2 protein chains.
Amino acid sequence: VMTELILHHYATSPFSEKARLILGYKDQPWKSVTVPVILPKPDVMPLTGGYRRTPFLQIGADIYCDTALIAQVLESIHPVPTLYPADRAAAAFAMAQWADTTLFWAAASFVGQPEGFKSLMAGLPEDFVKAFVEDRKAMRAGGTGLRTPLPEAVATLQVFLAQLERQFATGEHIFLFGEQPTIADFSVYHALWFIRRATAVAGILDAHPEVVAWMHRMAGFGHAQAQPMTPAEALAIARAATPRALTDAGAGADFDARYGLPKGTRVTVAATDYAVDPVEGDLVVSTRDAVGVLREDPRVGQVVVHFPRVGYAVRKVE
Amino acid sequence: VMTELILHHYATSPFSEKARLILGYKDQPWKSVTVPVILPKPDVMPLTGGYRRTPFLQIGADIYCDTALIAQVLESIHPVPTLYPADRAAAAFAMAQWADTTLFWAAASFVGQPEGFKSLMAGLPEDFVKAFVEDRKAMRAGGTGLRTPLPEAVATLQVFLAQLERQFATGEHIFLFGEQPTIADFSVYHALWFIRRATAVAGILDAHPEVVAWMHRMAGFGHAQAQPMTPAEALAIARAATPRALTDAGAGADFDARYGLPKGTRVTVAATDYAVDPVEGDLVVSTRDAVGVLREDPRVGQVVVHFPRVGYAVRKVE
Ligand SMILES: N[C@@H](CCC(=O)N[C@@H](CS)C(=O)NCC(=O)O)C(=O)O
Ligand SMILES: N[C@@H](CCC(=O)N[C@@H](CS)C(=O)NCC(=O)O)C(=O)O
Ligand SMILES: [Zn+2]
Ligand SMILES: [Zn+2]
Ligand SMILES: [Zn+2]
Ligand SMILES: [Zn+2]
Ligand SMILES: [Zn+2]
Ligand SMILES: [Zn+2]
Ligand SMILES: [Zn+2]
Ligand SMILES: [Zn+2]
């Protein structure tokens, strides 16, 4: 079987929680593959070609990185109930972007303060904690994101939570845009879920009762039905599979060349905010919102690795 | 008279256009004070204490910097029609933030390309153009914002414009959240207005007919009624006036000390994204969303300079 949805993630990851909750909302069964929290990730690299962030979605030999894109893929498969109401398209898109960048960075900083950090690392060996701290520092080497100072983090949280509370207090809708959550609900949710996990500093949430109630409604979607799969099993599946763009049916798909890179061009794709690890391959998938690069790994053969455009940089190799 | 609304701005400034359009929407008469496009600004510094960005709103001896805060002040004065519908509070706040940062930075980069830049500088002396280029480079010295590379700028614009077009094409509402514009409409608008001004590259807008129609509806609000005032007249007015926090009525206003800086503390306030010029004074105004610092200038006496919290950093002087 090479059409199962295989999510590569770990339990304590907020961005992984976002994807798992969306899976619940879509009532989409999936396979669960645990990845390491820190480098190195030798069972991950043959799939992603260097991208080390979590989570990513594997379907056969197609590897979809970033939750903004994973959500779009899941929407493609089960469009109902939708994450992207047409009548809220721009507002939901922009709010989700802000939530998954600026808001998340404030939550990370807020939780990174001494009491918060102590709460997060509570049941873990001191070896791992030190390595985690070093791993995340190296992760910030190339970018601009995920380095909001504590005082600005606190203000962004206080200001935003009050606006969130105000909106919900009107009692007009149970989610941000109506009686169904949108992508923006999920993006905001995991940032706040991360704070809730930082037990010693979670009190900031409790000062906002309506926000807490909304979180409870979001949590109710669950994570659908999952079964574990080993990292090795996932690699075998990618190896046996042919990427969609290389099948006779998928090869005729429209290729957006307006961006000035023709099909087949050797490129790299890299995140721009942090973890700026370049992934190299041939540009074989190009849409308005996303790209896909064909690469060849000795252990999985050919895979195509997909990224959204926003938050990433595509450059010609030369 | 020391209760007129005095906007310090210049014609070609997108952020100034945002404030002027909001003034039209509120039907709020104002006084117009032209400031220089580039440094130095000796008629501005006695008011702002170092903040060199445009626009700012003066009311007597209170100086309100940043359009996010100017909008809140204008809302305080004419709350109807509102910019901040309670039932859309968080969505409008977040979307406006994203529009006034990420989206604006993509528009700036997009317009900064050779043909775009040529269009913008068309009727201007080559002296000024060179100085402008140097001025804006020095402006980016301390921050992270306003440096989106052209290819990423193009993708952010294409992706967002399609979502905007999709939302409007449903025909459900004439503005982003209903039959009245919100703060988010104004924030998105000026970024696109800036692109429209870059004649040679404005065609990107025309590929999105519904977005163009929405821009036309926004433009219709006009700029209310304005009269010119000289920079010197504005300085005299600040000089004669007493800041609200120093009046008997305003002195009892609630002071938010939860952020850990008591009233009277000597601080600096500085933008975090670009133009990171620190403004020093005593912290005498503190709310959840904003701060105000009392300073003394030999030429205007005491003024209080106000900033929003989000996008700024407040630090104790020592
Ligand atoms: N924009 C990315 C952000 C992903 C992200 O930052 N994930 C965190 C985990 S919560 C991460 O990658 N940490 C480094 C790692 O997993 O090795 C997305 O939406 O998927
Ligand atoms: N966040 C600020 C941004 C203001 C801004 O960047 N203004 C531009 C003018 S369009 C600027 O300050 N350029 C430098 C200058 O005016 O000297 C706001 O919303 O007011
Ligand atoms: Zn994480
Ligand atoms: Zn969970
Ligand atoms: Zn299904
Ligand atoms: Zn097994
Ligand atoms: Zn400008
Ligand atoms: Zn105008
Ligand atoms: Zn009035
Ligand atoms: Zn006069």
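Both counts, for ligands and for their atoms, begin at 1 and track the order of listing. Values below: all heavy atoms of this structure, side chains included; hydrogens, waters and symmetry mates excluded. Protein chains get the first letters and strands the later ones, always in sequence-line order, with residue 1 at the start of each.
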I'd like to verify the contacts: list protein N, O or S atoms under a distance of 2.8 Å from the Zn ion (ligand 8). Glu17(B) OE1, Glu17(B) OE2, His223(B) NE2

Closest approach of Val188(B) to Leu176(B) (non-hydrogen atoms, all atoms of both residues): CG2-CD1, 4.3 Å

Compute the ring centroids of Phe15(B) and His9(B), then answer whether they are less than 6.0 Å apart. no

Enter the distance from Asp185(B):CG to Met95(B):CE here, rounded to the nearest 0.5 Å. 7.5 Å

Using modelled atom types and a 3.5 Å cut-off, is there a donor and acceptor pairing between side-chain atoms of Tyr84(B) and backbone atoms of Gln72(B)? yes

Evaluate the ring planes of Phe221(A) and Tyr25(A), with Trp represented by its six-membered ring, and classify them as parallel (under 30°), tilted (30 to 60°) or perpendicular (over 60°). perpendicular

Closest approach of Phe194(A) to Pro14(A) (non-hydrogen atoms, all atoms of both residues): CG-CG, 3.5 Å

